[PDB]
Amino acid sequence: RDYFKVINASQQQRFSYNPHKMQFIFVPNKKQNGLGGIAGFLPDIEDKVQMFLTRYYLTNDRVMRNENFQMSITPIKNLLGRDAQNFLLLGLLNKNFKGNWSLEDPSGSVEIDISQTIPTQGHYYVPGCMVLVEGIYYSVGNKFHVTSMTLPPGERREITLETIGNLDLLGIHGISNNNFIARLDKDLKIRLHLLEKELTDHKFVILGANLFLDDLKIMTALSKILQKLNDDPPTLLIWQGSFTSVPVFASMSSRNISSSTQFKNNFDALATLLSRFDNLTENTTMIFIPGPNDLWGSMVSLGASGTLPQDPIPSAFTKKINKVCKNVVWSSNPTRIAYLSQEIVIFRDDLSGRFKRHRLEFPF
Amino acid sequence: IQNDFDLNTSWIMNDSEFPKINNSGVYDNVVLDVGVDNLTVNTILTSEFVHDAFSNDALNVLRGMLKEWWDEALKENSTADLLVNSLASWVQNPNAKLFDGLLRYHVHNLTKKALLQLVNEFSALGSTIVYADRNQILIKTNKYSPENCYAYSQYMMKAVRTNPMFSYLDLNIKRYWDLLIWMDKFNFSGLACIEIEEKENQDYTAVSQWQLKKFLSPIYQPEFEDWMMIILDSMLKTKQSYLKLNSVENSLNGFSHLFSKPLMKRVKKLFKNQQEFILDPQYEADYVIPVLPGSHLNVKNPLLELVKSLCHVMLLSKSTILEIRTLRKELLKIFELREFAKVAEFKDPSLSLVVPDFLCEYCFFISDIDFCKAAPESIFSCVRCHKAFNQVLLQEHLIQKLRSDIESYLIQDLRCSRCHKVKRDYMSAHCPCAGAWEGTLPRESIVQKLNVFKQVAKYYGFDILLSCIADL
Amino acid sequence: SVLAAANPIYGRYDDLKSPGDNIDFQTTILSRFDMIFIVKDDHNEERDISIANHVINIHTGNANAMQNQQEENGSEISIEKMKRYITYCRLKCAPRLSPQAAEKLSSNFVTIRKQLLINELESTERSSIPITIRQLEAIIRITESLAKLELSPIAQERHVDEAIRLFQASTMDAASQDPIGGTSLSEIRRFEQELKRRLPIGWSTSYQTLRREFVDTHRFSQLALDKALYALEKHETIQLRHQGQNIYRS
Amino acid sequence: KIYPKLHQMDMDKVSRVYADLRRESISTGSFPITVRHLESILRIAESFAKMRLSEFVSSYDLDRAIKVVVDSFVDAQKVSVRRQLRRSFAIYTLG
Ligand SMILES: [Zn+2]
Ligand SMILES: [Zn+2]
């Protein structure tokens, strides 16, 4: 099947958000207009200044589009001159330099009183999350005594889309750029009808995480899986997780096999195993997504969490898989595919432990 | 908890650079070269509020274990000796189990403090530190004759050894310097005697190590060599004459009067010939400016750099400035230039790319290797033991350095332009005072660093590093 | 409109001496003014190199050409055209404020008033530069002028931010410019003694731990924070990194 | 009648001299130095050019002017640092 695309975080189009015009603004990509032959991938200094501004602006718009909210929130800086009055506000949640709980807004920041807080259950209240706070200001100190707390509500796809009609964000039919802005809804229903048929024939199957290509048991199980699968090749096949059980890094000894050479060797055997499943190699495209401790990250992260827009698998260590198979694509850890009428995103990392270890504590 | 990313851990992981001391100049006093060994073991054995501190109990236990190993190795145990030798390599290597980066940083910090304390102790007596490192120390001696420094050097080293904090150090004297022209680790020339003998005049040999010579035109390097030899001879002659007679020192003053007129006539002849034969096609070979890794200056007239280097080498006197300046102005008058012009300013004809904590498996030698300034046939082999290095290891180390550099740039802090206070809020347009945010790590610095990585990778055969570049 | 150029006593500003006995003007006269700029002289040799460059260029042998290019590239306009433009803008437009700008101005005024009070209660003498309602009128008129510059019949947040920035520059340069003027110093030397003993060179500690310890002791928070930030201002032994969490002893 | 003109003067020499005088000065001593002294150097050079009835300033007049200014600054210091400053400033007025 044609008319579907897979895209990585590297080639995603840039669109800024303007709070004074309440509209998304296209941003030219540095590669297309710039030279890019020396160093074009290095972001500018003000980018990190404006990143949190952009996130806050988007969250503010999303909150204010809600049906219930038409009471109105108040910016933080407008809380200096009043006391013993209830308010409502939202912003970043973090720890101040002193070590207290604070809410940060583009206007300013305040302190938080937690001794009598009743939070809305069902949320992982974590530092770095937009939160809605209802409380009473007190000018005797600087404590905003909180009595209730809840995360903002969400919206479905169609309602958020119609606010910009149907903008060409993941543009496959057409794209927008600096000169013009483009939209399309005529072929959406046609492609929906097309997708409604022969969808059972276009199946895509995914595997588990961290399939280490060094141990014998994983290879045997994978061989059995491919034995069952080669008869009926799917449309897309995805392997997620790390492909090596030990992070690759500097080897201080030259007596033994270099870890980089071992990493190269592990994928070479996979090419050999592909030789006995020719139907799968011939009919199904292949997708590989890097794991936490693969080549580039583990070089500096040593298996720990690092930069999220992770680089793809280097070409120099995949010079045989590309030649055996006919359709293999390496993408970033967050990757987006564009189907006929579906948007699919894949993201591999650790979530439950992170949210469990950093849960905020509520006295009661 | 160790799986999470934390800033202080990130900064202690990549804090691998080691400082050094270099004091350029021309010295007429004798200078001795010494080597320092067993530094890490002596540093370890000698010596709530802070969260970055390593556990005290484990440190004490390790110190006691090392002390008993030292004692057992003293009583003719080869295994204990091998263990003592391999302890440092175990400490540095992350592949070993029970490895903590905090302990490595603690050892590095203690080594820093011990080295600065040793430098201070050497400075307590009459001494001037010319160069410093983890392996080499050069000390300026007060006296003028190498024959007179025998008892002095022996007493000094004995007193250093008897110091309780320097009890376990191993000190060796390698060379004695008669007259030195020191400006850099890789660029010096002087007269040296290996070791002082008795009742006989010592053997003096001349050394000439100058990377700056490589960046000259092919036809002027012989002239540079000859004139360096002549000026060294003149300085030796004037020092000998002054010593025979008995911040200025008459040991060297008046040395340029020997070779002024021949130098001027030769410069005039060179200028005339260059003017005559610069545009000829068959003579275009010898005027080609060579290209080397780390070269960044783009300049046209070769004779200008020849005379600029030949004057900058003399200007290092720090005591005969005026005579050198008069000679330089007279030389520049041959050209149609002026004394303080920009084009008549000397610069470093090469950049630097240093890899710290490079280890040799066969010899357990630790040194920082420079990929740009260092000459060939030394990157590939260890200094003490003449064993070839693995190349994919070099490529991997370069890649790791580059990636750590990029990460450090990406995790930098923000500083206000007017008042240098640091940013303390997640979202804010500017400082409460006047001024706009600027980054602690400027962009052009990392751009130049990547440029020199490109040049280095292009010069030699480095394919995986090229692939690492390509993915960007 | 009044424009005045004045020199302080003893010529140079003499920062070592208190601001109170550096300016002879009374409180009444300064209040009428609303932009006061302290033009200090500095020596860093890079601004000096640039200024020498500019002066030798502006020497009549060179600048007579270069300034001409500013009228040929459209970067700068002639004086008389500027005169006609200013008279036309004065006659034509007269902008007005918007409620959001009013709220922002109110909050900013409250903030600066609170800061003045917090400085005064520390220094325990009256500020030599006052902040009153006339300064609020000043910011309002600055915003009005900014909007008037572009002939926009209304003033919005774009002009308000610039006006507040200019006012903060012209008030932080003069009023809050070291309001202390340089428990006494006894706790300062006791404070410096302990951290030197307890905290060696190369490591770091959390701000919260230090504050907790020295509030538990007699130092308390008011004395420690000023002492810590002045030891930082000494800028020879202690450095800040990773926001306000890490106290690095260089 | 005579009006000198100033074209071929050393940019970097005068710039470095002014930077050096900005250094030291109040930062180490007491005497104040401002941009007006640079204009004073230029005017002294122009006067020296006037002395010979020449329309164009030559380098020798610039040397004489810089010598006069640096000497006037040098001989107005304490005897503790006079010799040190004198040997420090010997490179601009080399002659
Ligand atoms: Zn070796
Ligand atoms: Zn600032």
# chains A, B, ... in the order shown; residues from 1 in each chain; ligands from 1
$ interface_residues --of "chain B" --to "chain C" --cutoff "9 Å" --atoms "only C-alpha atoms" --output "list in words"
residues 7, 8, 49, 50, 51, 52, 53, 109, 412, 413, 421, 422, 423, 424, 425, 432, 433, 434 and 435 of chain B
$ interface_residues --of "chain A" --to "chain B" --cutoff "9 Å" --atoms "only C-alpha atoms" --output "PyMOL selection string"
chain A and resi 38-46+49-53+92+96-97+104-108+249-255+258+260+296+299-301+303-307+311-312+314-316+354+357
$ residues_around --residues "region 175-183 of chain C" --least-positions-apart "6" --cutoff "6 Å" --atoms "only C-alpha atoms" --output "PyMOL selection string"
chain C and resi 18+123+129
$ write_last_selection --atoms "N, CA and C atoms" --output "PDB file, in the first residue's frame"
ATOM      1  N   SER C  18      29.005  56.956  50.279  1.00  0.00           N
ATOM      2  CA  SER C  18      27.578  56.679  50.228  1.00  0.00           C
ATOM      3  C   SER C  18      26.895  57.547  49.170  1.00  0.00           C
ATOM      4  N   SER C 123      18.589  49.719  55.256  1.00  0.00           N
ATOM      5  CA  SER C 123      19.604  50.759  55.376  1.00  0.00           C
ATOM      6  C   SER C 123      19.343  51.699  56.546  1.00  0.00           C
ATOM      7  N   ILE C 129      16.930  58.844  46.592  1.00  0.00           N
ATOM      8  CA  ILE C 129      16.115  58.938  45.384  1.00  0.00           C
ATOM      9  C   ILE C 129      14.738  58.365  45.691  1.00  0.00           C
TER      10      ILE C 129
END
$ residues_around --residues "residue 237 (chain C)" --least-positions-apart "2" --cutoff "10 Å" --atoms "only C-alpha atoms" --output "VMD selection string"
chain C and resid 196 201 231 to 235 239 248 to 250
$ residues_near_ligand --ligand "ligand 1" --cutoff "8 Å" --atoms "only C-alpha atoms and all ligand atoms" --output "PyMOL selection string"
chain B and resi 359-365+381-387
$ select_by_dssp --residues "region 251-298 of chain B" --states "alpha helix (DSSP H)" --output "ChimeraX atom specification"
/B:260-277
$ interface_residues --of "chain C" --to "chain A" --cutoff "9 Å" --atoms "only C-alpha atoms" --output "VMD selection string"
chain C and resid 103 to 104 106 to 108 110 to 111 207 to 208 211 243 to 245
$ closest_residue --among "C:150, C:71, C:216, C:48" --to "chain D" --atoms "only C-alpha atoms"
C:48
$ closest_residue --among "B:284, B:444, B:370, B:339" --to "chain D" --atoms "only C-alpha atoms"
B:339
$ select_by_dssp --residues "region 351-467 of chain B" --states "strand (DSSP E or B)" --output "PyMOL selection string"
chain B and resi 354-359+366-370+381+388+414-416+422+437-439
$ write_last_selection --atoms "C-alpha atoms" --output "mmCIF file, in the first residue's frame"
data_model
loop_
_atom_site.group_PDB
_atom_site.id
_atom_site.type_symbol
_atom_site.label_atom_id
_atom_site.label_comp_id
_atom_site.auth_asym_id
_atom_site.auth_seq_id
_atom_site.Cartn_x
_atom_site.Cartn_y
_atom_site.Cartn_z
ATOM 1 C CA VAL B 354 44.198 17.523 23.641
ATOM 2 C CA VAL B 355 42.875 14.188 24.915
ATOM 3 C CA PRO B 356 43.310 13.829 28.702
ATOM 4 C CA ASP B 357 43.963 10.696 30.758
ATOM 5 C CA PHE B 358 45.212 8.562 27.875
ATOM 6 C CA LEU B 359 46.293 5.148 29.160
ATOM 7 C CA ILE B 366 49.054 8.288 31.985
ATOM 8 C CA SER B 367 49.483 11.390 29.838
ATOM 9 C CA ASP B 368 47.444 13.917 27.882
ATOM 10 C CA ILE B 369 48.017 13.593 24.133
ATOM 11 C CA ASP B 370 47.628 16.509 21.716
ATOM 12 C CA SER B 381 53.183 4.984 20.147
ATOM 13 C CA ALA B 388 52.090 0.922 18.885
ATOM 14 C CA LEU B 414 22.513 31.493 31.156
ATOM 15 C CA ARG B 415 24.180 34.708 32.319
ATOM 16 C CA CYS B 416 23.023 38.318 32.109
ATOM 17 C CA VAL B 422 23.027 33.871 36.724
ATOM 18 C CA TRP B 437 20.728 36.836 28.483
ATOM 19 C CA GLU B 438 23.845 35.320 26.949
ATOM 20 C CA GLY B 439 25.145 31.783 27.121
#
$ closest_residue --among "D:13, D:19, D:4, D:42" --to "chain C" --atoms "only C-alpha atoms"
D:19
$ interface_residues --of "chain B" --to "chain D" --cutoff "8 Å" --atoms "only C-alpha atoms" --output "list in words"
residues 322, 325, 326, 338, 340, 341 and 342 of chain B
$ residues_around --residues "residue 61 (chain C)" --least-positions-apart "3" --cutoff "8 Å" --atoms "only C-alpha atoms" --output "ChimeraX atom specification"
/C:57-58,64 /D:6-7
$ residues_around --residues "residue 262 (chain A)" --least-positions-apart "5" --cutoff "10 Å" --atoms "only C-alpha atoms" --output "ChimeraX atom specification"
/A:214,244,248,257,267-268
$ residues_around --residues "residue 271 (chain A)" --least-positions-apart "4" --cutoff "9 Å" --atoms "only C-alpha atoms" --output "list in words"
residues 267, 275, 320, 321, 323, 324 and 325 of chain A
$ atom_distance --atom1 "CA of residue 9 (chain D)" --atom2 "CA of residue 21 (chain D)"
18.8 Å
$ atom_distance --atom1 "CA of residue 293 (chain A)" --atom2 "CA of residue 247 (chain A)"
5.0 Å
$ decode --residues "region 261-346 of chain A" --atoms "C-alpha atoms" --output "PDB file, in the first residue's frame"
ATOM      1  CA  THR A 261      33.190  -4.103  16.875  1.00  0.00           C
ATOM      2  CA  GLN A 262      30.967  -6.379  18.965  1.00  0.00           C
ATOM      3  CA  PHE A 263      28.004  -4.077  18.310  1.00  0.00           C
ATOM      4  CA  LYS A 264      28.763  -4.262  14.589  1.00  0.00           C
ATOM      5  CA  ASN A 265      29.034  -8.057  14.811  1.00  0.00           C
ATOM      6  CA  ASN A 266      25.665  -8.496  16.523  1.00  0.00           C
ATOM      7  CA  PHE A 267      23.723  -6.957  13.631  1.00  0.00           C
ATOM      8  CA  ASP A 268      25.719  -8.968  11.082  1.00  0.00           C
ATOM      9  CA  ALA A 269      24.264 -12.245  12.364  1.00  0.00           C
ATOM     10  CA  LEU A 270      20.775 -10.768  11.996  1.00  0.00           C
ATOM     11  CA  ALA A 271      21.447 -10.316   8.279  1.00  0.00           C
ATOM     12  CA  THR A 272      22.327 -14.015   8.117  1.00  0.00           C
ATOM     13  CA  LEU A 273      19.100 -14.969   9.905  1.00  0.00           C
ATOM     14  CA  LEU A 274      17.153 -12.876   7.388  1.00  0.00           C
ATOM     15  CA  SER A 275      18.452 -15.174   4.631  1.00  0.00           C
ATOM     16  CA  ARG A 276      16.023 -17.989   5.551  1.00  0.00           C
ATOM     17  CA  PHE A 277      12.841 -15.864   5.716  1.00  0.00           C
ATOM     18  CA  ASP A 278      12.834 -14.427   2.204  1.00  0.00           C
ATOM     19  CA  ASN A 279       9.073 -13.801   2.085  1.00  0.00           C
ATOM     20  CA  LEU A 280       9.258 -11.490   5.104  1.00  0.00           C
ATOM     21  CA  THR A 281      12.338  -9.751   3.694  1.00  0.00           C
ATOM     22  CA  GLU A 282      10.516  -9.324   0.374  1.00  0.00           C
ATOM     23  CA  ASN A 283       7.016  -8.231   1.413  1.00  0.00           C
ATOM     24  CA  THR A 284       7.293  -6.442   4.787  1.00  0.00           C
ATOM     25  CA  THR A 285       9.142  -3.220   5.509  1.00  0.00           C
ATOM     26  CA  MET A 286      11.225  -3.080   8.673  1.00  0.00           C
ATOM     27  CA  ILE A 287      11.509  -0.434  11.398  1.00  0.00           C
ATOM     28  CA  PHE A 288      14.173  -0.104  14.102  1.00  0.00           C
ATOM     29  CA  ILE A 289      13.887   2.284  17.056  1.00  0.00           C
ATOM     30  CA  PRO A 290      16.916   2.925  19.309  1.00  0.00           C
ATOM     31  CA  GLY A 291      16.921   1.849  22.930  1.00  0.00           C
ATOM     32  CA  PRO A 292      18.168   3.586  26.075  1.00  0.00           C
ATOM     33  CA  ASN A 293      21.726   2.225  25.923  1.00  0.00           C
ATOM     34  CA  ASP A 294      22.519   2.008  22.208  1.00  0.00           C
ATOM     35  CA  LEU A 295      25.588   3.448  20.487  1.00  0.00           C
ATOM     36  CA  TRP A 296      25.372   7.235  20.585  1.00  0.00           C
ATOM     37  CA  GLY A 297      23.557   7.746  23.883  1.00  0.00           C
ATOM     38  CA  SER A 298      25.516   5.242  25.954  1.00  0.00           C
ATOM     39  CA  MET A 299      28.717   6.898  24.735  1.00  0.00           C
ATOM     40  CA  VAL A 300      27.994   9.790  27.120  1.00  0.00           C
ATOM     41  CA  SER A 301      24.976   8.600  29.101  1.00  0.00           C
ATOM     42  CA  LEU A 302      26.479   5.169  29.912  1.00  0.00           C
ATOM     43  CA  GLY A 303      23.019   3.600  30.005  1.00  0.00           C
ATOM     44  CA  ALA A 304      21.290   6.354  31.984  1.00  0.00           C
ATOM     45  CA  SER A 305      18.607   8.697  30.685  1.00  0.00           C
ATOM     46  CA  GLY A 306      19.863  11.305  28.233  1.00  0.00           C
ATOM     47  CA  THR A 307      18.711  13.562  25.411  1.00  0.00           C
ATOM     48  CA  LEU A 308      15.243  12.594  24.196  1.00  0.00           C
ATOM     49  CA  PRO A 309      15.510  13.545  20.482  1.00  0.00           C
ATOM     50  CA  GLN A 310      17.822  10.581  20.062  1.00  0.00           C
ATOM     51  CA  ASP A 311      19.895  10.114  16.926  1.00  0.00           C
ATOM     52  CA  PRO A 312      19.138   7.174  14.614  1.00  0.00           C
ATOM     53  CA  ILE A 313      21.327   4.092  14.418  1.00  0.00           C
ATOM     54  CA  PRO A 314      24.589   5.088  12.680  1.00  0.00           C
ATOM     55  CA  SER A 315      24.977   3.994   9.076  1.00  0.00           C
ATOM     56  CA  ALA A 316      28.509   2.647   9.551  1.00  0.00           C
ATOM     57  CA  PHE A 317      27.214  -0.147  11.815  1.00  0.00           C
ATOM     58  CA  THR A 318      24.284  -1.081   9.531  1.00  0.00           C
ATOM     59  CA  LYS A 319      25.981  -1.645   6.176  1.00  0.00           C
ATOM     60  CA  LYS A 320      24.528  -5.144   5.658  1.00  0.00           C
ATOM     61  CA  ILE A 321      20.914  -4.944   6.855  1.00  0.00           C
ATOM     62  CA  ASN A 322      20.213  -2.217   4.293  1.00  0.00           C
ATOM     63  CA  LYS A 323      21.531  -4.467   1.508  1.00  0.00           C
ATOM     64  CA  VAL A 324      19.723  -7.668   2.520  1.00  0.00           C
ATOM     65  CA  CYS A 325      16.309  -6.171   3.228  1.00  0.00           C
ATOM     66  CA  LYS A 326      14.608  -3.897   0.712  1.00  0.00           C
ATOM     67  CA  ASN A 327      12.791  -1.515   3.090  1.00  0.00           C
ATOM     68  CA  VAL A 328      14.401  -0.606   6.423  1.00  0.00           C
ATOM     69  CA  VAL A 329      13.982   2.759   8.153  1.00  0.00           C
ATOM     70  CA  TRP A 330      15.781   3.977  11.274  1.00  0.00           C
ATOM     71  CA  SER A 331      14.121   6.826  13.170  1.00  0.00           C
ATOM     72  CA  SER A 332      14.445   8.664  16.468  1.00  0.00           C
ATOM     73  CA  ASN A 333      13.061   7.372  19.754  1.00  0.00           C
ATOM     74  CA  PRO A 334       9.956   9.547  19.246  1.00  0.00           C
ATOM     75  CA  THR A 335       8.776   8.782  15.711  1.00  0.00           C
ATOM     76  CA  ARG A 336       5.593   9.688  13.854  1.00  0.00           C
ATOM     77  CA  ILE A 337       4.051   7.788  10.956  1.00  0.00           C
ATOM     78  CA  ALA A 338       1.335   9.154   8.678  1.00  0.00           C
ATOM     79  CA  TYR A 339      -1.245   6.631   7.498  1.00  0.00           C
ATOM     80  CA  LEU A 340      -4.196   7.336   5.200  1.00  0.00           C
ATOM     81  CA  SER A 341      -6.489   8.552   7.995  1.00  0.00           C
ATOM     82  CA  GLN A 342      -4.520   7.638  11.126  1.00  0.00           C
ATOM     83  CA  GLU A 343      -1.753   9.248  13.166  1.00  0.00           C
ATOM     84  CA  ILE A 344       0.501   6.808  15.030  1.00  0.00           C
ATOM     85  CA  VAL A 345       3.362   7.731  17.369  1.00  0.00           C
ATOM     86  CA  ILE A 346       5.881   5.393  19.010  1.00  0.00           C
TER      87      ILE A 346
END
